[PDB]
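Participant: Let me begin by handing over the structure; questions about it come next.
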Amino acid sequence: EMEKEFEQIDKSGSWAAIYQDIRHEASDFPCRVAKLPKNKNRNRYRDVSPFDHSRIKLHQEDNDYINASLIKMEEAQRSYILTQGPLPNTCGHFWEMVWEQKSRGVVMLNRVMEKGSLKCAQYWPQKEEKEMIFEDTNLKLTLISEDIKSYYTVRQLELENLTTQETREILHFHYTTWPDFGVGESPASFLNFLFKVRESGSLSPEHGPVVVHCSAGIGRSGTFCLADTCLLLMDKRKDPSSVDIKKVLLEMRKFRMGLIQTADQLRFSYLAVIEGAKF
Ligand SMILES: [Cl-]
Ligand SMILES: [Cl-]
Ligand SMILES: [Cl-]
Ligand SMILES: [Cl-]
Ligand SMILES: [Cl-]
Ligand SMILES: [Cl-]
Ligand SMILES: [Cl-]
């Protein structure tokens, strides 16, 4: 069904056109807080801001602002936090959000440098003996172990609230092989990565929402959540062919602007959901 629609779009070459229809129909909500002067250095890209209604608020006494959005998919019964790659001055905010929102997993979809450009701060420790302390938000983060695989790496991190000395294990799922240009010929390793995140329990409703990021927190991140939600909808619905990817994406874009940044990414999402549904 969805498969048929896919071929028709490909035959007619109308990916660009469908994607531009999505951009035109997308919600527009205010982002007043994101745009306040005092928040200029908390945004990686001035063109990518959380809506006020869905922005994650930091709890500590201080500016509550982080560039992160809660995406609550009602029907699919899953929530995600989509955020930008942390900046050198917002790594403490980032981990503070993970703590306060009770996330179990963090999903990273870029390498810290790609095509020789910085997309994200080194916001986690690379060596066991060199833990990170975020003095502004009073948190300690330790690498406990890491499982480096061919197409992704999973790290076990210990996050300690230095105020309470409570500790939590955070799973860091780092997809390290998203192509430097365009998207993957095949969705196979992206889909295997998604299933590994699922299998870990990080997406379970007993935890806070998974934190998902890339550089701006809308393109690859949008792909990840879009595919995951569509696959949920396909397995839950009495009629699985009723899942409309374009509608699911528009619904997601009520919570954060600009999810899926290119017609290729849109096409890749279709591919990933189609291939995924089979599995
Ligand atoms: Cl201000
Ligand atoms: Cl939904
Ligand atoms: Cl492997
Ligand atoms: Cl699941
Ligand atoms: Cl990215
Ligand atoms: Cl739908
Ligand atoms: Cl857009």
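So for chain A, numbering is Swiss-Prot's, and the shown residues are 2-280, in order.
Looks like X-ray crystallography, 1.9 Å, at least that's what the header says.
The backbone N, Cα and C atoms fix where each Cβ goes, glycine too.
According to Swiss-Prot, the protein carries these features:
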type	residues	note
MOD_RES	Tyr20	phosphotyrosine
MOD_RES	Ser50	phosphoserine
MOD_RES	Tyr66	phosphotyrosine
BINDING	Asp181, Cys215, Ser216, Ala217, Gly218, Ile219, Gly220, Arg221, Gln262	substrate binding site
MOD_RES	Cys215	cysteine sulfinic acid (-SO2H)
MOD_RES	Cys215	S-nitrosocysteine
MOD_RES	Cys215	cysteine sulfenic acid (-SOH)
MOD_RES	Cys215	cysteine persulfide
ACT_SITE	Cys215	active site, phosphocysteine intermediate
MOD_RES	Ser242	phosphoserine
MOD_RES	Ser243	phosphoserine
Participant: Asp181 (substrate binding site) to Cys215 (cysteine sulfinic acid (-SO2H)): how many Å between their Cα atoms?
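Facilitator: Given the Cα positions, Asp181 (substrate binding site) is 13 Å from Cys215 (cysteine sulfinic acid (-SO2H)).
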Participant: Of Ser50, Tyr66, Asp181, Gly218, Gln262, listed as recorded positions, which ones have a Cβ less than 6 Å away from ligand 5?
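Facilitator: The qualifying recorded positions: none of them.
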Participant: To which of the recorded positions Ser50, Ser216, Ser243, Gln262 does the lowest count of other Cβ atoms within 10 Å belong?
Facilitator: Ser243
Participant: Near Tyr20 (phosphotyrosine), which recorded positions out of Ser216, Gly218, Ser242, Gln262 have their CA within 10 Å?
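Facilitator: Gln262, listed in sequence order.
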Participant: Taking only the modified residues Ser50, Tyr66, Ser242, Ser243, which one has a CA atom nearest to the CA atom of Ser216 (substrate binding site)?
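Facilitator: Spatially nearest to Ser216 (substrate binding site) by Cα position is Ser50.
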Participant: Please report the Cα separation of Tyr66 (phosphotyrosine) and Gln262 (substrate binding site) in Å, rounded to an integer.
Facilitator: 24
Participant: How many Å lie between the Cα of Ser243 (phosphoserine) and the Cα of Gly220 (substrate binding site)?
Facilitator: 25
Participant: Tell me the Cα distance separating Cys215 (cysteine sulfinic acid (-SO2H)) from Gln262 (substrate binding site), rounded to the nearest angstrom.
Facilitator: 12
Participant: Pop the Cα-Cα gap between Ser242 (phosphoserine) and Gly220 (substrate binding site) into the table, whole Å please.
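Facilitator: Here the two Cα atoms lie 25 Å apart.
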Participant: Let me know how many other Cβ atoms fall within 10 Å of the Cβ of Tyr20 (phosphotyrosine).
Facilitator: 20
Participant: Compare the C-alpha of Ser50 (phosphoserine) with the C-alpha of each of the recorded positions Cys215, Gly218, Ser242, and give the closest one.
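Facilitator: Given the candidates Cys215, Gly218, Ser242, the nearest one is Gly218.
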Participant: Translate the DSSP assignment of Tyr66 (phosphotyrosine) into the three-state scheme.
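Facilitator: Going by the DSSP assignment, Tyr66 (phosphotyrosine) falls within a strand, counted as strand.
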